[PDB]
Amino acid sequence: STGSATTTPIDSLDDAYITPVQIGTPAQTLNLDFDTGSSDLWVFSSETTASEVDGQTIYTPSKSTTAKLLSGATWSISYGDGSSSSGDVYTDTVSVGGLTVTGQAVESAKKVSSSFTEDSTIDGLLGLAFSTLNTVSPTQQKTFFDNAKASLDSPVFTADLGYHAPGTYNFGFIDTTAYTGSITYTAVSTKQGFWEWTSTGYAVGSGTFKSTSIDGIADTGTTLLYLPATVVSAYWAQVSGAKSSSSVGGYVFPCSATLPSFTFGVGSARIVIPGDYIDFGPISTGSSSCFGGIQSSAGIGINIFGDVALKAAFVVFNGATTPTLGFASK
């Protein structure tokens, strides 16, 4: 089997992408944030505290003839941005782009943190990291991909995120028309539960490539590119007037600037992030200070190849017995 679904930016900055997901019988379609940095499929629901729902579409398990309470199971998750959610668990039929999994754990939120409530466009998350990170207790549950894997034509999914435009998540096949050149594959460590890999270096604009190992994670659920402070300083030094602002929370730059590209290495291959992809717009409405799309990871503990980096590539998440990542230009 295969599946293919379009993923759509939630706003004009590409802050996140939403993908329609069919849950239950008859289908209830929710727009979920596909997140290769986490491993829970959770949804706003009829059980979510009413004051914490503000415009989201909810899953109502009592209206699904295939929903079953997973007795005794609870979940609770906290994300790298400080947001969180928790609740109970149903199993139900879940379909993405024509690919159907029966008995998928659907984690129904009883509580969500304010950042979720305040974003009416995201109805929940669909985790695509390794199932070892799934938070369901006392019986850990599998991700949608883990459940589908054995049925897929090939045990892979691909992320093809658009810049200021829709893109595609495919399951079970590589669309050889969706990229240019060849796909370069690189080793993955699953020891932290992530799609963790080592970039071979970077360049700023037309500058020389610096060969240096940068361990980080491929994370579709993170907006920005978070890299070591040395790398980030080298980038922003090429933008007149850019500076790190403790009060804003990162590097800002004059909105009048033209940003240089940023290249990262995948083995001997190179992925070029155009400068425009690094502009996240005014820090507040009407400001002439703009927020940068490359930020320091120093306070995180891990480097994160988020959407800024991934949307410059066609990315293969190869879930074979020994997982690997592939990157191609497009």
Side-chain angles (χ1 to χ4, degrees), residues 7-18 33-37 79-82 115 119 159-167 199 201-207 210 214 216-242 244-266 270-285 287-300 302-315 327 329-330:
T7 193
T8 300
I10 64 166
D11 63 23
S12 64
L13 298 177
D14 299 344
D15 282 317
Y17 299 78
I18 49 173
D33 185 351
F34 282 24
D35 180 12
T36 64
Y79 295 101
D81 63 351
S115 68
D119 181 5
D160 180 8
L161 302 179
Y163 167 66
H164 294 178
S199 172
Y202 70 97
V204 175
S206 58
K210 176 71 170 180
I214 303 170
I217 65 168
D219 185 2
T220 58
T222 290
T223 313
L224 306 186
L225 174 54
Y226 294 89
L227 292 172
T230 47
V231 177
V232 174
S233 180
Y235 178 80
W236 290 108
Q238 299 305 312
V239 180
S240 286
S244 183
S245 166
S246 53
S247 61
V248 175
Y251 280 88
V252 297
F253 66 95
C255 295
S256 61
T258 301
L259 296 180
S261 63
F262 183 88
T263 299
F264 63 95
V266 182
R270 305 290 179 253
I271 299 294
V272 181
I273 305 171
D276 288 353
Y277 290 27
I278 298 159
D279 184 354
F280 281 75
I283 60 171
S284 292
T285 303
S287 179
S288 72
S289 184
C290 274
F291 197 67
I294 296 177
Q295 297 293 346
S296 178
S297 65
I300 298 176
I302 198 158
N303 300 305
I304 306 174
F305 293 87
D307 297 335
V308 163
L310 302 181
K311 74 192 180 183
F314 177 88
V315 187
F327 293 82
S329 294
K330 65 187 184 191

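If you read the sequence from its start, that first residue is 1, and numbering goes on from there. Below, all heavy atoms of this structure are taken into account, side chains as well, without hydrogens, waters or symmetry copies.
For the atom pair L13 CG and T223 OG1, the distance stands at 9.5 Å (nearest 0.5 Å). Separating the CZ atom in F264 from the CG atom in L227 is a distance of 9.5 Å, to the nearest 0.5 Å. Between the CD1 atom in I18 and the CG atom in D33 there is a gap of 9.0 Å [rounded to 0.5 Å]. One distance of note links NE2 of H164 with CG of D279; it measures 7.5 Å at 0.5 Å rounding. To the nearest 0.5 Å, the span separating OH on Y277 from CG on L259 amounts to 13.5 Å.
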Test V248 against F291 for side chain to side chain contact (heavy atoms under 4.5 Å, CB included), laying out the working first. CA-CA 9 Å; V248 175; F291 197 67; 4.0 Å; yes
Check against side chain to side chain contact (heavy atoms under 4.5 Å, CB included), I271 and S329: CA-CA 6 Å; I271 299 294; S329 294; 3.8 Å; yes
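With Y17 contributing its side chain and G162 its backbone, the two residues share a donor-acceptor pair below 3.5 Å. Side-chain atoms of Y235 come within 3.5 Å of backbone N or O of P260 as a donor-acceptor pair. No donor-acceptor pair under 3.5 Å is formed between the side chain of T263 and the backbone N or O of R270. Between the side chain of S261 and the backbone N or O of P274, no donor-acceptor pair lies under 3.5 Å. Side-chain atoms of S199 come within 3.5 Å of backbone atoms of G265 as a donor-acceptor pair (strictly under, hydrogens ignored). The main-chain N or O of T220 is found under 3.5 Å from a side-chain atom of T36 such that the two form a donor-acceptor pair.
For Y202, the ring-ring contact (aromatic ring centres under 6.0 Å, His included) partners two or more places apart in sequence, or in a different chain, are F262. The side chain to side chain donor-acceptor pair (under 3.5 Å) test applied to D219 returns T222, not counting sequence neighbours.
Pairing each heavy atom of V252 with each of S245, the nearest pair is CG2-CB, 4.2 Å. For the pair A257 and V239, the tightest heavy-atom approach, listed with the atom from each and the gap, is CB-CG1, 3.9 Å. When every heavy atom of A242 is checked against every heavy atom of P254, the shortest pair comes out as N-CD, 4.0 Å. Contact between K311 and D14 at its shortest, heavy atoms only, is NZ-OD2, 2.7 Å. Across every non-hydrogen atom of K330 and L161, the tightest pair is NZ-O, 2.8 Å. The shortest heavy-atom contact between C255 and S287 is SG-O, 3.9 Å.
In this structure, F253 and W236 have parallel ring planes: the angle between them is below the 30° cut-off, well short of the 60° mark.
Side-chain contact between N303 and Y226 is absent, with no heavy atoms from C-beta onward closer than 4.5 Å. Using a 4.5 Å cut-off on side-chain heavy atoms (C-beta onward), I304 and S297 make no contact. Counting heavy atoms from C-beta on, the side chains of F305 and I217 never come closer than 4.5 Å.
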